[PDB]
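**Q** let's see this in three dimensions:
(3 chains)
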Amino acid sequence: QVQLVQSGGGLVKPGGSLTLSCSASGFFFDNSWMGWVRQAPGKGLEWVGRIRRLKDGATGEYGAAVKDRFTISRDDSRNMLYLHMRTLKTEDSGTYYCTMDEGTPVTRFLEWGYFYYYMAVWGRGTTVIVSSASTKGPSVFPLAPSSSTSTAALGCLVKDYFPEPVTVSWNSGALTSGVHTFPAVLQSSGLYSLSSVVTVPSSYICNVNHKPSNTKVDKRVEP
Amino acid sequence: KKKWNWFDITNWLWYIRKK
Amino acid sequence: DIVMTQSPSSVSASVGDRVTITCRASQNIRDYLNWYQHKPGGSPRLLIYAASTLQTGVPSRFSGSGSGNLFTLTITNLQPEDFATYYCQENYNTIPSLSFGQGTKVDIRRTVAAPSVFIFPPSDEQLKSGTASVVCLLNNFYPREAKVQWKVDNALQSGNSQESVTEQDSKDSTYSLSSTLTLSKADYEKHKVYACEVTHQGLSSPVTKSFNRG
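**A** Numbers count the residues shown, from 1 in each chain, chains lettered A, B, ... in the order given. Here you go:
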């Protein structure tokens, strides 16, 4: 079957440049139109652009939000698809998918020359975050139990870290029943923050791991 | 080496229709 | 050039039900419409093109209909693997826009469950850092609609909190929500009572949880 592996992306400050790559195998890459689609955090899909075959001129067409800033290119000899991103802005952050596109000719005579067009095969996606923030490990604060009772609830506040992700376990993975680790939120400071809570009977250590800064913190939550 | 796909059809139908 | 508006933005269903998603185009686009499926942490998947032509490998449960400016995706006999987000996409313009609809999320339906509410004062460790964060936890509720309001000495807070919600629980299908009020240490030490007020359909009346600083 068709296989698409993506690479590139990562962290870049606004105004910087970045190149995404997509290597294809399992189909006739040279005979395919390809493209890119992105999704910002908390938003829906947005088409970025497409590129035709080399015999079609290798013409790149782009969505309005990225036109004159992004360019697509292809290397048929290596089955590589590229997305060149320059003058990046914060609103360009998100997950970028490379797509193998396909068309179907319209047969109604009045529309001969037109085609249905769709993204037939999607890559796994590559993350792009446009931010000025530097690597920073998270501050881990306890959410102590208190008359947080019903069954009591405790947790830990993992605050002010960049970039994502953060991993959180309780009692070195022993405690998993009743655990809720919330998705991270981007604070107005440009740093991320999340909480991890757990409900336990009234009658405790959270293990925070932030690989980007290689930070390991173990916090006892004492009422 | 020769490449045929949907776009070759549509350009063929376009060429016919417009000429 | 073309705006696609999907409705509803969210819908709850049980296995075996018929769910219908509507897509409206800002102009007549004939049958140049695609439908996609997207699961969290997954890659989007093509279901339908040309408004009603099923992609190879797609179960016949999915069917697309409509033309002009009004389109529908119907899922008959909903299955567990069909809980996901769905997007329509126009492919009408010769100069492509390929606009997506905003998406429709299909959730699991279950009985109403009122939240259990908890509040956590700032830790002494954090206060020494010059900042204070108050956390209000809404645990294991359904449906997702809920209102959380913060009051500091009865003064309603506006624009200084952030909410985060989990995905529907795999075991009980509930949601959990955290609201984090962030204030300077000075503002925190200047006031006394901190309260979060929770309104939810499973609550006969709004619930208030609060603590006195110290």
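
**Q** could you find the closest non-adjacent residue to residue A:206?
**A** residue A:156 (4.0 Å; Cβ to Cβ, 6 or more residues apart in numbering or on different chains). C-beta here means a position set from N, CA and C on the backbone, and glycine is covered the same way.

**Q** distance of that neighbour relative to chain B?
**A** As judged by Cβ to the nearest Cβ, to the nearest Å, residue A:156 and chain B stand 55 Å apart.

**Q** what of residue C:118?
**A** 58 Å.

**Q** same question, residue C:198
**A** Computed as Cβ to the nearest Cβ, the residue C:198 to chain B distance reads 55 Å.

**Q** from what I can see that residue touches residue C:141, true?
**A** No: the criterion here is Cβ atoms under 8 Å, and residue C:198 misses it with residue C:141 at 9.1 Å.

**Q** find residues that contact each of the two.
**A** Between them, residue C:198 and residue C:141 share these contacting residues under Cβ atoms under 8 Å, 6 or more residues apart in numbering or on different chains: residue C:115.

**Q** count of neighbours near the residue lying closest to residue A:123 once chain neighbours are set aside?
**A** Closest residue to residue A:123 in three dimensions, ignoring its sequence neighbours and counting by Cβ to Cβ, 6+ apart: residue A:4, at 4.0 Å. Residues lying near residue A:4 (other Cβ atoms under 10 Å in any protein chain shown) number 22.

**Q** so residue A:4, which state does it fall into?
**A** Secondary structure, DSSP: H, G, I helix; E, B strand; the rest coil: residue A:4 is strand.

**Q** state the distance from the residue in chain A positioned nearest to chain B to residue A:42.
**A** Residue of chain A nearest chain B, by Cβ to the nearest Cβ: residue A:113 (2.9 Å). Taking Cβ to Cβ, to the nearest Å as the measure, residue A:113 and residue A:42 are separated by 39 Å.

**Q** among the two, which residue is more densely surrounded?
**A** Between residue A:113 and residue A:42, counted using other Cβ under 10 Å, residue A:113 has the larger neighbour count: 18 against 9.

**Q** helix/strand/coil for the residue lying closest to that one once chain neighbours are set aside?
**A** In this structure, residue A:113 finds its nearest non-sequential neighbour in residue B:14, 2.9 Å apart by Cβ to Cβ, 6+ apart. Here residue B:14 is recorded as helix under three-state DSSP.

**Q** so residue B:14 touches residue A:110, yeah?
**A** No: Residue B:14 is beyond contact range of residue A:110, at 11.8 Å (criterion: Cβ under 8 Å).

**Q** between those two, who's got more neighbours?
**A** The residue with more neighbours, out of residue B:14 and residue A:110, is residue B:14; 15 against 8, by other Cβ under 10 Å.

**Q** any idea how far that one is from chain C?
**A** Spatial separation of residue B:14 from chain C under the definition Cβ to the nearest Cβ is 11 Å.

**Q** what do you get for residue A:207?
**A** Distance check for residue A:207 against chain C: by Cβ to the nearest Cβ, it reads 17 Å.

**Q** ok, that residue to residue C:144 distance?
**A** Distance, residue A:207 to residue C:144, using Cβ to Cβ: 29 Å.

**Q** so the two - more neighbours on which side?
**A** Taking neighbours as other Cβ under 10 Å, residue A:207 and residue C:144 compare with residue A:207 leading, 18 against 15.

**Q** ok and the residue in chain B nearest chain A?
**A** residue B:14 (2.9 Å).

**Q** burial of the closest residue to chain B within chain C, as a residue count?
**A** Closest to chain B within chain C is residue C:94: 11.2 Å, counting by Cβ to the nearest Cβ. When neighbours are defined as other Cβ under 10 Å, residue C:94 has 6 of them.

**Q** same deal with residue C:182?
**A** Residue C:182 has 20 neighbouring residues, counting by other Cβ under 10 Å.

**Q** now do residue C:183
**A** Using other Cβ under 10 Å, residue C:183 has 21 neighbouring residues.

**Q** isn't it up against residue C:127?
**A** No: with contact defined as Cβ under 8 Å, residue C:183 does not count as touching residue C:127 (10.9 Å).

**Q** care to break chain C down by domain?
**A** Domain assignment of chain C by curated CATH domains yields the ranges C:1-109, C:110-214.

**Q** so which of those domains comes closest to residue A:61?
**A** Nearest to residue A:61 among the domains of chain C is domain C:1-109; the distance by Cβ to Cβ comes to 5.5 Å.

**Q** start to end distance for that closest one?
**A** End-to-end distance of domain C:1-109 (Cα to Cα, to the nearest Å): 37 Å.

**Q** I figured the residue nearest to residue A:123 was touching residue A:125, is that so?
**A** No: in this structure, residue A:4 is not within contact of residue A:125 by Cβ under 8 Å, at 10.0 Å.

**Q** work out for me the element residue C:16 sits within.
**A** In the assignment (DSSP states H and E), residue C:16 maps to no helix and no strand.

**Q** surely it meets residue C:78?
**A** Yes: Residue C:16 lies in contact with residue C:78 (Cβ under 8 Å); the separation is 6.2 Å.

**Q** between the two, which has more neighbouring residues?
**A** Ranked by neighbour count (other Cβ under 10 Å), residue C:16 and residue C:78 place residue C:78 first, with 19 against 9.

**Q** what about the more buried one, which helix or strand?
**A** With DSSP H and E as criterion, residue C:78 is part of no helix or strand.

**Q** residue contacts, it?
**A** Contacts of residue C:78 by Cβ under 8 Å, 6+ apart are C:13, C:14, C:15, C:16, C:17, C:18, C:19, C:61, C:106.

**Q** and with 6 Å instead?
**A** Residue C:78 makes contact with C:13, C:15, C:17, C:19 under the criterion Cβ atoms under 6 Å, 6 or more residues apart in numbering or on different chains.

**Q** if you rank the residues you listed by neighbours, which is first?
**A** Most surrounded of the contacts of residue C:78: other Cβ under 10 Å gives residue C:19, at 19 neighbours.

**Q** what residues are up against that one?
**A** If you count contacts by Cβ under 6 Å, 6+ apart, residue C:19 has them with C:11, C:13, C:75, C:78, C:106.

**Q** among the residues you listed, which are in strands?
**A** C:11, C:13, C:75, C:106 (DSSP state E).

**Q** quick check: residue C:189 is in a strand.
**A** No: counting by three-state DSSP, residue C:189 is not part of a strand but helix.

**Q** so how many other residues sit close to it?
**A** Around residue C:189 there are 13 other residues, counting by other Cβ under 10 Å.

**Q** cool, and the one 10 residues further on?
**A** Around residue C:199 there are 13 other residues, counting by other Cβ under 10 Å.

**Q** with the one 5 residues further on instead?
**A** By other Cβ under 10 Å, the residues close to residue C:204 number 7.
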